[PDB]
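Close look at the chain arrangement
One-letter residues, chain by chain:
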Amino acid sequence: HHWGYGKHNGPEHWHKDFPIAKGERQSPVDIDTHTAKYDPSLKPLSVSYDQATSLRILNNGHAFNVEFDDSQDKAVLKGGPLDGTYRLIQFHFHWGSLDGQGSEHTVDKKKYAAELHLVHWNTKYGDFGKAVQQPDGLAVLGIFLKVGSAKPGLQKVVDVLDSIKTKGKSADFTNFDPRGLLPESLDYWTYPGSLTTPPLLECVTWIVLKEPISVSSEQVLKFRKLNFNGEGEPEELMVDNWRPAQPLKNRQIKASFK
Ligand SMILES: NS(=O)(=O)c1cc(Cl)c(Cl)c(S(N)(=O)=O)c1
Ligand SMILES: [Zn+2]
């Protein structure tokens, strides 16, 4: 009875195996744009993906992860609310069964069609495994996806999904440039949170971009053709793998813009 997004193993059930699910700094959260306060103490956000080196893509049973080689000082996120440097390890998405839902964070209660998460770990902790055990161990850059014009830089990801339809399947995914998934503006909201999937560790500094990227209906439709199940099992379409907004618990969401 592994965790998932279904009626009997979904978000409302996670707290049983992962008590922290009802913690003080859980993610995602609704971003109230009027309550978010501009913070002039925020340094410019720095996204350096020029040397990013992807290794492969994997269907983990709830979504798919595009993993990167993080053994060297490449693809780093710094600045903004961050102290030190965070290294890119993987990215994945959360999406819905319909265009009207799919994102984890919401803006003034608005739900986007999907959400891209670029996960980075704080280099001062040596590696990802140790980083997740720290309050400031990870920095996740969140980007909203809306349905409209196609995102050229996403097509390579979309075309390889046919090869990792079911749980446990993986495939070589080299030379993918994450820069092609970034919107024009780096304006963002930031707050202290957690992993949005079990183990739900509260080790994340969330940086959510205000500007969404546009992807075509055809692109997101291919996301929905993935399977939650493994090869040779009853087909359960991989859709609605998002966790709903959690209590803000007095935390304050800071904005990098006015
Ligand atoms: N289990 S996972 O690979 O989906 C996953 C792993 C990690 Cl480390 C993080 Cl931060 C996230 S998230 N949704 O960005 O909080 C998801
Ligand atoms: Zn995520």
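Residues numbered from 1 in each chain as written, not as in the entry; some residues may be left out. Chains lettered and ligands numbered in written order. Heavy atoms only, no water.

Within the PDB entry, the label attached to the protein reads Carbonic anhydrase 2, and the organism entered is Homo sapiens. In the PDB, the entry goes by the title "The crystal structure of the human carbonic anhydrase II in complex with 4,5-dichloro-benzene-1,3-disulfonamide". Reading the Sequence similarities entry of the UniProt record for the protein gives the comment "Belongs to the alpha-carbonic anhydrase family." (UniProt positions renumbered as here; feature names shortened; annotations may be inferred.)

1. Quick word on the pairing of strand β13 (residues 204-209)
Burial analysis of β13 places 6 of its 6 residues in the buried class, the great majority of the element. On β13, burial covers both faces: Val204, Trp206 and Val208 on one face and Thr205, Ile207 and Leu209 on the other are all buried. Sheet analysis places strand β10 (residues 138-147) next to β13, joined by 5 bridges and oriented parallel. Considered in β13, the bridge of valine 140 is made with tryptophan 206. Sheet topology places strand β12 (residues 188-193) next to β13; 6 bridges connect them, and they run antiparallel. Within β13, the position partnered with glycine 193 by the bridge is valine 204. (Buried < 20%, exposed > 50% of the residue type's maximum accessible area, 1.4 Å probe, protein only. Helix = DSSP H or I, 4+ residues; strand = E, 2+ residues; numbered from the N terminus. Pairing = 2+ DSSP bridges.)

2. Details of the nonpolar core
One finds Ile57, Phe64, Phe91, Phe93, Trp95, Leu118 and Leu141 to be the most contacted residues of the largest nonpolar core, which totals 45 residues. Elements with a contribution of two residues or more to this core: β5 (64-68), β7 (85-95), β9 (114-122), β10, α3 (155-160), β13 and β14 (213-215). The dominant element in this core, judged by the number of residues it contributes, is β7, at 5 residues. Apart from residues lying up to four places away in sequence, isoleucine 57 is in contact with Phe64, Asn65, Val66, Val160, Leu161, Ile164, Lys169, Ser170, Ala171 and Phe173. Within the second largest apolar cluster, 23 residues are counted, among which are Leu138, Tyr191, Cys203 and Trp206. (Core = buried A, V, L, I, M, F, W, Y, C linked by side-chain atoms within 4.5 Å. Contact = heavy atoms within 4.5 Å.)

3. Some words on the packing of aromatic side chains
Across all of its chains, the model carries 14 aromatic pairs by this definition. Ring plane angle 50° and centroid distance 5.6 Å describe the contact between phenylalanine 64 and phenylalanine 93, whose orientation is recorded as tilted. You can see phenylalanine 64 sitting in strand β5 and its partner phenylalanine 93 sitting in strand β7, a full 29 residues away along the chain. Each member of the pair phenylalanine 64 and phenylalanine 93 is classed as buried. Ring geometry for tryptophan 95 versus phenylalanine 223: centroids 5.0 Å apart, planes at 65°, classification edge-to-face. In this pair, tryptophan 95 is assigned in strand β7 and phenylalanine 223 in helix α4 (residues 217-223), connecting sequence segments 128 residues apart. In this structure, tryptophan 95 and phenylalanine 223 share a single accessibility class: buried. Members of the aromatic cluster, each reached through a chain of ring pairs, are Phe64, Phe68, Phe91, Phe93, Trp95, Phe173, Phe176 and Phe223. Its guanidinium or amino end placed over the ring of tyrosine 112, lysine 110 lies 5.0 Å from that ring's centre, counting from NZ or CZ. (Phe/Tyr/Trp six-rings, centres within 6.5 Å; stacked < 30°, edge-to-face > 60°. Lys NZ or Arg CZ within 6 Å of the ring centre and 35° of its normal.)

4. Focus on the coordination of the zinc ion (ligand 2)
Those protein atoms acting as donors to the zinc ion (ligand 2) are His92 (NE2), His94 (NE2) and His117 (ND1), and they sit at 1.9 to 2.1 Å. Here the zinc ion (ligand 2) binds 4 donor atoms, and the angle range of 100 to 113° at the metal identifies the geometry as tetrahedral. Spacing between the donor residues of the zinc ion (ligand 2) along the chain follows H-x1-H-x22-H. Classification of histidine 92 by relative accessible area gives buried; the value is 12%. (Donors = N, O, S within 2.8 Å, 3.2 Å for Na, K, Ca; no water. Tetrahedral: all angles 85-135°; square planar, octahedral: opposite > 155°, others 65-115°.)

5. A closer look at the UniProt feature "binding site: Zn(2+)" in the protein
In the numbering used here, UniProt assigns the "binding site: Zn(2+)" feature to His92, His94 and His117. A compact arrangement is adopted by the annotated residues: their sequence extent is 26 residues, whereas the largest C-alpha distance between any two is 8.2 Å. Within the annotated group just given, the residues that line the second largest pocket are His92, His94 and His117. Not counting chain neighbours up to four residues away, the residues in contact with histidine 94 comprise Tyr5, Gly102, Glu104, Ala114, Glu115, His117, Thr196, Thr197, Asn241 and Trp242. Reaching out from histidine 94, the side chain makes a polar contact with the side chain of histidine 92 at a distance of 3.2 Å. (1 Å grid on protein atoms, 1.4 Å probe; cavity = no way out; pocket = protein on both sides within 12 Å on 5 of 7 lines; lining within 4 Å. Polar contact = N/O pair within 3.5 Å; in protein donor to acceptor, adjacent residues only side chain to side chain.)

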